[PDB]
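Written out below as structure tokens is the structure these notes cover.
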Amino acid sequence: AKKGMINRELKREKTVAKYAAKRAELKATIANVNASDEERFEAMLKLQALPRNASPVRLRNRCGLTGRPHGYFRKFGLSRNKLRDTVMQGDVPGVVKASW
Amino acid sequence: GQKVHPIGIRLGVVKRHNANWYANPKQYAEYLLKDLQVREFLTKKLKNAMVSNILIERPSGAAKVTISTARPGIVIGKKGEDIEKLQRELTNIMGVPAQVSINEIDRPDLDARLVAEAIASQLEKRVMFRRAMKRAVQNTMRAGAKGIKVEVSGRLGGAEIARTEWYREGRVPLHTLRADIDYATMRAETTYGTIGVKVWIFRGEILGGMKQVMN
Amino acid sequence: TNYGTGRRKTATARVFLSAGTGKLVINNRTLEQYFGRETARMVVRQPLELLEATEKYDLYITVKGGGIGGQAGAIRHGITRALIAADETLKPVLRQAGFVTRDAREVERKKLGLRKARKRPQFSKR
Amino acid sequence: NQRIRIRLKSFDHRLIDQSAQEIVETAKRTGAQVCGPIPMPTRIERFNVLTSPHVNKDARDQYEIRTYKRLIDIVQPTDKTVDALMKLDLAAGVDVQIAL
Amino acid sequence: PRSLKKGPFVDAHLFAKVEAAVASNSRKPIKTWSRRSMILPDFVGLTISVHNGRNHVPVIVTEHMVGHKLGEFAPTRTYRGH
Amino acid sequence: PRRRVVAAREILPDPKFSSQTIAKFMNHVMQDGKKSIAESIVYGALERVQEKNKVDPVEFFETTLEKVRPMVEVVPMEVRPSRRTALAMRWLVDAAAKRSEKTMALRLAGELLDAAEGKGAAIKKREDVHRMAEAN
RNA sequence: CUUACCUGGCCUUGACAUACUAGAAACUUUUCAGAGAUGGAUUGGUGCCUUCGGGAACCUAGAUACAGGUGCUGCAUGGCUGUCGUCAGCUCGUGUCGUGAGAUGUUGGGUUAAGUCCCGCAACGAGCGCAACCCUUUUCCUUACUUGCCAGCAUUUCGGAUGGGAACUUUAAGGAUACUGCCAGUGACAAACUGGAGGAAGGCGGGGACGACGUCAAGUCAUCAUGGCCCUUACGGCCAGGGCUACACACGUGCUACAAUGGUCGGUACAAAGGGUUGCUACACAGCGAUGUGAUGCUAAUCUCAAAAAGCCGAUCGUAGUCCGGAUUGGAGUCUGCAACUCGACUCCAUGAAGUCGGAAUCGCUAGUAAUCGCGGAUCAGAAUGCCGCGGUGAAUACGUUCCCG
């Protein structure tokens, strides 16, 4: 991918990590039954007033070597091209050709 | 057609993995990414030290990197400064204490990676490719392998049309799973582009199976 | 007294054979209660009817895995092995009948690029 | 009523049985009764990776990875047994968990 | 549709604008890009210029429009025939 | 094939009557692996014919089969015995399918009884084969 | 968001690197304007080493070499892949014949899944291909006895529930076995071939992976790398909204049906494999329902997803565009998410379209296969009729090579 896209991903990750705590606090306050309806309402308003990049749903998994946005394979953290190359070189412990 | 990777097809049959550690599914990705970074950094740093194999292990909350080299003096350093610097950088990159170990290759002409590196260096120094190929093949066969195949592909000699030329002496039984076949690939960067080099070396058939190999 | 193990299509049956009136229980159930279709009941009874010994033995049977046909086949195989263990002279008759052979047929795996084990997607020259 | 439970996990069954045999041999030498090793069911994960860089859907490599598990029980442990167990080395590629 | 236990959703910057206009009585159209905001009963009688991807189209809010999104009255695709 | 001769697949006798003919008829009736439904259909018809004439179900079925059995196909040549029976069962199931009654078993029994007197679409198709054989 | 496209709003050594010059800990609070990017005020902190004159990160300001480009060339290339095709061939060294390029060997007769093997033969010898070595399934043995198992004993709330047992199933490592081994007939008298016993399995037992010398200037500069060409206040970088989801039409690949071998209702059986700590959830309550609340176990042969479905027994529908079919539309909702208008999935009430087995033509499949029934996973906040796997039930037909294709 392009350097701009990789840096965009990095910036979004940093923003999510920075705003993680307050988002959880507001969500718990919203879910609190004992809290007043007004408390929940201003909690919801503050949550909506949080920055957009703080939301984890805007993060997209990218290959750790090239930045490819397709074919991610969460377990290895690499896209399919690099996974094929590295597995066939033998640098992934335990992975072998499968036949049954 | 296309051929399977000679090491990949034997990774569980007669060959050992280059990485030997266990990790839970949460930590597997981080461990693998740090291992790949370590491999790339070492390859960049030890370009002129004749390094073929790097083995990474994580025994217990630490790391052990074994480097197979034909230039142990250059790798070690004048008084051991280089190895301690390498340990510092590896620990910094890997987040855990790291131990570097050196394994000295005594027969460099039977190592596939070193032959490919030498051929690529000659091609970049613009010796004629057929002389380079024949010299390398003869040197390995004199060294004592039972077979070697060398292939070069690209704009050979600067021609506008690329082509592929190969040369083989001896025996290369690629379809035998129990055969011991070392494989290597390399790039030569010349003014007219990239030339690819591939080397196969056959060193006899391993008997007893993976039980003998002691995985 | 005598023991037998039967296998058919991922189904395994343990059979305990003794001498008695003819009682037959499967998984603490009667034969008619366990098997709903008549052919499954007939397959289980085939060896004793062939030997004409439906009344001299008592059977204790457990079975796991597979479907109704596989379980009936496994029970038949287990009964045959139990009879063979009880008396070796009965082996030629059961082997001629075909009960001693373990049927090794099994489901073939799905294959890459195909809809099933052998079925291929529709293809067109046009 | 002290019982020691040892759980072994690996990606390589030859390694895992080698480690289990070594542990059992050491425990028997120290003079304690042991039970096992017991082989737990193996985990198998498979992946399908496209081989061509652009378009060949039927051209895939199938890879697999296996996780092997072993369970070992130590009963009536002598005093030397425990200190021997921490003196025992750790081999790369095998993970050991001890419960008292 | 949005779950009833959460209430309707209105963008804060648009809500402030309509509240200020209604506290005042300005007839100036409110220019907005918030096609996703829900039309509330306070919106009736106002002119809102909703972005449609290329332009801002004016919409006059009536009683019958309460309960709809602002974007339903600003089509985004152009088609006249083949 | 081209080079080999493939042996015919031997089918097991019916577990209730020990009749390979009945087993083959059941296999012809069965659709998409539903053996139980076909077994019920065939056994119901066998019991129905037994009540409506007290005759042995197996013998009555063989006699009707031999009645509805053709002798020639189509170029005239002598049809091998297995294909005769295979073609007779197909006619007997196809024609039985087109009657109007509550269950398939009752239709099958009814047309078995009808064919036992030579009255049925299967026998009519047999006479058609006779005519077009006289044509050649 | 992805996003590479459009509209509009912004930045210019740049979101990112190295090299130079100066100043600052970095960070942190509260707001205001704005659609946001941004811009302006506003708090606390001001840190770590130190031969301590400064240094380590980190940030800000200036300067230019430069960065940056999913811009072009797959007809300049590396790497990777498809295809003929799992087709059976492709070669080399001595000796002979030919002025010569070359030939012989590698041909001829049988046979085989195979240049697989046996005979003759100016030939005598070798390598890569085929086969075998690797994985899985079928029979048995040894080791191992928990979280898995329960034959015998005992207690039971009748639930392996509890003492207990190591027998059986299973789990999973290591082994044994099958080799024309034995008999009969044939073929040449060889290679072989046919029939029989024993054996779980008989002649290659079944499936997978493995794809020779080469062809197509085949595919990919948008995974990546790379020669050359081009842009540099823009073909680079940031943001909000829109589009990739359009719709007189044509084609390919699928799903669901046109019903009685069926639809609906009540009762009642039998799997395999896989997933689960930002997760899967026993049980109770509320709701017609999707779901909500409380609560329990589980880092898992221990708890859970989880109800298998077709099947069996009973009742009803009686050939009707129907108690078949389930498109479309109206009205209410639930959940994920900052946000379901363009443009999500699912639930309830109402509506109830085409469709009566489909021309010329054309496709898949030789056995646990076709057909039919359900179950799981990768991607993933949510979003499969696709893809990759798992088991249940379980057929028909092969006379033969005369024509079609390779």
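How things are named: the first chain in the structure tokens is A, the next is B, and so on; residues count from 1 in each chain; ligands count from 1 in the order shown.
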- Within 6 Å of chain F, which residues of chain G are there when counting only C-alpha atoms (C1' of nucleotides)? Please give them as a ChimeraX atom specification. /G:371-372,393-394
Which residues are close to residue D:27, i.e. within 10 Å by only C-alpha atoms (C1' of nucleotides), leaving aside same-chain residues fewer than 2 positions away? Reply as a CSV table (one decimal) with N, CA, C and O atoms, in the first residue's frame.
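File written: around.csv
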chain,number,residue,atom,x,y,z
D,21,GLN,N,8.8,-38.2,28.3
D,21,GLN,CA,9.6,-39.3,28.8
D,21,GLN,C,10.7,-38.9,29.7
D,21,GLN,O,11.0,-39.6,30.7
D,22,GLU,N,11.4,-37.8,29.4
D,22,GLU,CA,12.4,-37.3,30.3
D,22,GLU,C,11.9,-36.9,31.7
D,22,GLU,O,12.5,-37.3,32.7
D,23,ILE,N,10.7,-36.3,31.7
D,23,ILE,CA,10.1,-35.9,33.0
D,23,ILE,C,9.7,-37.1,33.8
D,23,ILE,O,10.0,-37.2,35.0
D,24,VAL,N,9.1,-38.1,33.1
D,24,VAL,CA,8.7,-39.3,33.8
D,24,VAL,C,9.9,-40.1,34.4
D,24,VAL,O,9.9,-40.6,35.5
D,25,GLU,N,11.0,-40.2,33.6
D,25,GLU,CA,12.2,-40.9,34.0
D,25,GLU,C,12.8,-40.2,35.2
D,25,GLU,O,13.1,-40.9,36.2
D,29,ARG,N,13.1,-41.8,39.0
D,29,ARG,CA,14.4,-41.9,39.7
D,29,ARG,C,14.3,-41.3,41.1
D,29,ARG,O,14.9,-41.8,42.0
D,30,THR,N,13.7,-40.1,41.2
D,30,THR,CA,13.6,-39.5,42.5
D,30,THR,C,12.8,-40.3,43.5
D,30,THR,O,13.1,-40.2,44.7
D,31,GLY,N,11.9,-41.2,43.1
D,31,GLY,CA,11.2,-42.1,44.0
D,31,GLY,C,9.8,-41.6,44.3
D,31,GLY,O,9.4,-41.6,45.5
D,32,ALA,N,9.0,-41.3,43.3
D,32,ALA,CA,7.6,-41.0,43.4
D,32,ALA,C,6.8,-41.7,42.3
D,32,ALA,O,7.3,-42.0,41.3
D,33,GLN,N,5.6,-42.0,42.7
D,33,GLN,CA,4.7,-42.7,41.7
D,33,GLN,C,4.1,-41.7,40.7
D,33,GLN,O,3.8,-40.5,41.1
D,34,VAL,N,4.0,-42.0,39.4
D,34,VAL,CA,3.6,-41.1,38.4
D,34,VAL,C,2.5,-41.9,37.6
D,34,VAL,O,2.4,-43.1,37.6
D,74,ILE,N,1.6,-36.7,39.1
D,74,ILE,CA,2.6,-37.1,40.1
D,74,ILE,C,1.9,-37.2,41.5
D,74,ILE,O,1.3,-36.3,41.9
D,77,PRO,N,4.4,-37.2,46.3
D,77,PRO,CA,5.7,-36.6,45.9
D,77,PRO,C,6.7,-36.5,47.0
D,77,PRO,O,6.4,-36.0,48.1
D,78,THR,N,7.9,-37.0,46.8
D,78,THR,CA,9.0,-36.8,47.7
D,78,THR,C,9.5,-35.4,47.7
D,78,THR,O,9.1,-34.6,46.8
D,80,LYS,N,12.5,-34.3,47.2
D,80,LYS,CA,13.4,-34.0,46.1
D,80,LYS,C,12.7,-33.9,44.8
D,80,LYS,O,13.3,-33.3,43.9
D,81,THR,N,11.5,-34.4,44.7
D,81,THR,CA,10.8,-34.4,43.4
D,81,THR,C,10.6,-33.0,42.9
D,81,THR,O,10.9,-32.7,41.7
D,82,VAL,N,10.1,-32.1,43.8
D,82,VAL,CA,9.7,-30.8,43.3
D,82,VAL,C,11.0,-30.0,42.9
D,82,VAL,O,11.1,-29.6,41.7
D,84,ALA,N,13.7,-31.1,42.0
D,84,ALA,CA,14.2,-31.7,40.7
D,84,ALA,C,13.4,-31.1,39.5
D,84,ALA,O,14.0,-30.9,38.4
D,85,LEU,N,12.1,-30.9,39.7
D,85,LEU,CA,11.3,-30.5,38.6
D,85,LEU,C,11.6,-29.0,38.2
D,85,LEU,O,11.7,-28.8,37.0
- Message: Within 9 Å of chain A, which residues belong to chain D? Use only C-alpha atoms and report them as a PyMOL selection string.
- Response: chain D and resi 11-12+46-47+49-53+61-67+93
- strand (DSSP E) positions in stretch 17-87 of chain D, given as an NGL selection string: :D and (33-50 or 60-75)
- Message: Residues within 7 Å of residue B:195, please, as number ranges by chain. Count only C-alpha atoms (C1' of nucleotides); anything in the same chain fewer than 4 positions from it doesn't count.
- Response: B: 152-155, 187-189; G: 78
Export, as a PDB file, in the first residue's frame, the selected residues with C-alpha atoms (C1' of nucleotides).
ATOM      1  CA  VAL B 152      19.835 -17.569 -14.393  1.00  0.00           C
ATOM      2  CA  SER B 153      16.945 -15.551 -15.805  1.00  0.00           C
ATOM      3  CA  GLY B 154      16.566 -12.037 -17.146  1.00  0.00           C
ATOM      4  CA  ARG B 155      18.283  -9.581 -19.476  1.00  0.00           C
ATOM      5  CA  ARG B 187      18.908 -11.210  -7.177  1.00  0.00           C
ATOM      6  CA  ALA B 188      21.606  -9.368  -9.113  1.00  0.00           C
ATOM      7  CA  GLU B 189      20.861  -5.664  -9.570  1.00  0.00           C
TER       8      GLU B 189
ATOM      9  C1'   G G  78      12.787 -10.527 -10.938  1.00  0.00           C
TER      10        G G  78
END
- Message: Which residues are close to residue C:19, i.e. within 10 Å by only C-alpha atoms (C1' of nucleotides), leaving aside same-chain residues fewer than 5 positions away? Reply as a ChimeraX atom specification.
- Response: /C:1-2,55-59
- Query: Taking only C-alpha atoms into account, what are the residues of chain C at most 10 Å from chain D, put as a VMD selection string?
  - Reply: chain C and resid 112 to 114
Residues from the last selection, N, CA and C atoms, saved as a compact mmCIF listing (two decimals), in the first residue's frame:
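Output file out23.txt is given in full below:
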# COMPACT_ATOMS: atom_id res chain seq x y z
N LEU C 112 -10.72 -29.44 -3.41
CA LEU C 112 -10.58 -28.05 -3.84
C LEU C 112 -10.97 -27.90 -5.30
N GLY C 113 -11.77 -26.88 -5.59
CA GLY C 113 -12.23 -26.62 -6.93
C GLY C 113 -13.46 -27.39 -7.36
N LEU C 114 -13.98 -28.26 -6.51
CA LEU C 114 -15.16 -29.06 -6.82
C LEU C 114 -16.27 -28.77 -5.81
- Please return, as a ChimeraX atom specification, all residues of chain B lying within 10 Å of chain A when only C-alpha atoms are considered. /B:4-13,15-23,25-33,35-37,39,54-57,183-184
Can you write out as CSV which residues of chain C fall within 9 Å of chain G, alongside each residue's closest atom pair and its distance in Å to one decimal, counting only C-alpha atoms (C1' of nucleotides) and ordering rows by chain and ascending residue number?
residue,atom,partner,partner_atom,distance
C:3,CA,G:168,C1',8.8
C:5,CA,G:168,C1',8.7
C:10,CA,G:272,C1',8.3
C:12,CA,G:169,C1',7.5
C:13,CA,G:169,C1',8.2
C:14,CA,G:168,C1',7.3
C:16,CA,G:151,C1',8.8
C:34,CA,G:269,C1',7.3
C:35,CA,G:269,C1',8.1
C:36,CA,G:312,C1',5.0
C:37,CA,G:312,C1',6.8
C:64,CA,G:169,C1',8.7
C:65,CA,G:271,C1',6.0
C:66,CA,G:271,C1',5.2
C:67,CA,G:270,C1',5.1
C:68,CA,G:270,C1',5.8
C:69,CA,G:393,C1',8.3
C:71,CA,G:270,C1',8.5
C:100,CA,G:200,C1',8.2
C:101,CA,G:200,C1',6.1
C:102,CA,G:200,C1',5.6
C:103,CA,G:138,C1',8.1
C:104,CA,G:138,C1',5.1
C:105,CA,G:368,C1',5.6
C:106,CA,G:368,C1',5.7
C:107,CA,G:368,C1',6.0
C:108,CA,G:207,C1',6.9
C:109,CA,G:207,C1',7.7
C:110,CA,G:389,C1',7.1
C:112,CA,G:388,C1',7.7
C:117,CA,G:369,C1',8.2
C:118,CA,G:365,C1',7.2
C:119,CA,G:364,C1',6.1
C:120,CA,G:364,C1',5.9
C:121,CA,G:364,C1',7.3
C:122,CA,G:363,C1',5.6
C:123,CA,G:363,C1',6.4
C:124,CA,G:363,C1',7.5
- Task: Identify, on the basis of only C-alpha atoms (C1' of nucleotides), every residue whose closest approach to residue A:30 does not exceed 12 Å; exclude the query and any residue fewer than 4 positions from it along the same chain; express the result as number ranges by chain.
- Result: A: 23-26, 34-47; E: 5-6
- as a PyMOL selection string, please: all residues of chain E that backbone DSSP puts in helix (DSSP H, G or I). chain E and resi 4-6+12-23+41-43+63-65+70-73
Could you please take those selected residues and save C-alpha atoms as an mmCIF file, in the first residue's frame?
data_model
loop_
_atom_site.group_PDB
_atom_site.id
_atom_site.type_symbol
_atom_site.label_atom_id
_atom_site.label_comp_id
_atom_site.auth_asym_id
_atom_site.auth_seq_id
_atom_site.Cartn_x
_atom_site.Cartn_y
_atom_site.Cartn_z
ATOM 1 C CA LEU E 4 -36.567 2.845 20.670
ATOM 2 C CA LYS E 5 -34.673 2.583 23.965
ATOM 3 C CA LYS E 6 -31.967 4.870 22.529
ATOM 4 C CA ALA E 12 -25.347 18.320 17.769
ATOM 5 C CA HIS E 13 -24.258 21.096 15.402
ATOM 6 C CA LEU E 14 -27.580 20.908 13.551
ATOM 7 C CA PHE E 15 -29.549 20.742 16.803
ATOM 8 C CA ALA E 16 -27.844 23.894 18.072
ATOM 9 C CA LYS E 17 -28.653 25.697 14.816
ATOM 10 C CA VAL E 18 -32.350 24.803 14.822
ATOM 11 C CA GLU E 19 -32.643 25.572 18.537
ATOM 12 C CA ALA E 20 -31.059 28.991 18.011
ATOM 13 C CA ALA E 21 -33.357 29.754 15.066
ATOM 14 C CA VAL E 22 -36.475 28.758 17.034
ATOM 15 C CA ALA E 23 -35.310 30.747 20.069
ATOM 16 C CA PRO E 41 -41.179 18.304 15.835
ATOM 17 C CA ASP E 42 -39.134 21.479 16.353
ATOM 18 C CA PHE E 43 -38.147 21.373 12.673
ATOM 19 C CA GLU E 63 -45.807 18.223 9.853
ATOM 20 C CA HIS E 64 -45.988 15.100 7.665
ATOM 21 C CA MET E 65 -42.170 14.919 7.486
ATOM 22 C CA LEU E 70 -33.224 14.565 6.197
ATOM 23 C CA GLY E 71 -31.648 12.635 3.329
ATOM 24 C CA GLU E 72 -34.929 11.167 2.086
ATOM 25 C CA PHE E 73 -35.781 14.546 0.537
#
- Task: Could you tell me how far atom CA of residue F:94 lies from atom CA of residue F:124, in Å and to one decimal?
- Result: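 We find that atom CA of residue F:94 and atom CA of residue F:124 lie 12.7 Å from each other.
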- Task: Kindly determine which residues of chain D lie within 7 Å of chain B, considering only C-alpha atoms, and give the answer as a PyMOL selection string.
- Result: chain D and resi 10-11+14-15+90-95
Could you save those same residues with C-alpha atoms as a compact mmCIF listing (two decimals), in the first residue's frame?
# COMPACT_ATOMS: atom_id res chain seq x y z
CA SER D 10 3.75 -28.34 21.58
CA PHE D 11 3.67 -28.12 17.80
CA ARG D 14 8.31 -36.14 18.78
CA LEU D 15 9.52 -33.26 20.95
CA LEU D 90 13.20 -26.22 29.43
CA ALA D 91 13.40 -27.27 25.77
CA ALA D 92 12.42 -24.84 23.03
CA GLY D 93 9.15 -25.68 21.33
CA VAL D 94 7.53 -27.32 24.37
CA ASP D 95 5.52 -25.35 26.94
- What residues in chain E have any atom no more than 7 Å from chain G when counting only C-alpha atoms (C1' of nucleotides), and can you write them as a PyMOL selection string? chain E and resi 1+33+36+51-54+69+71-72+76+82
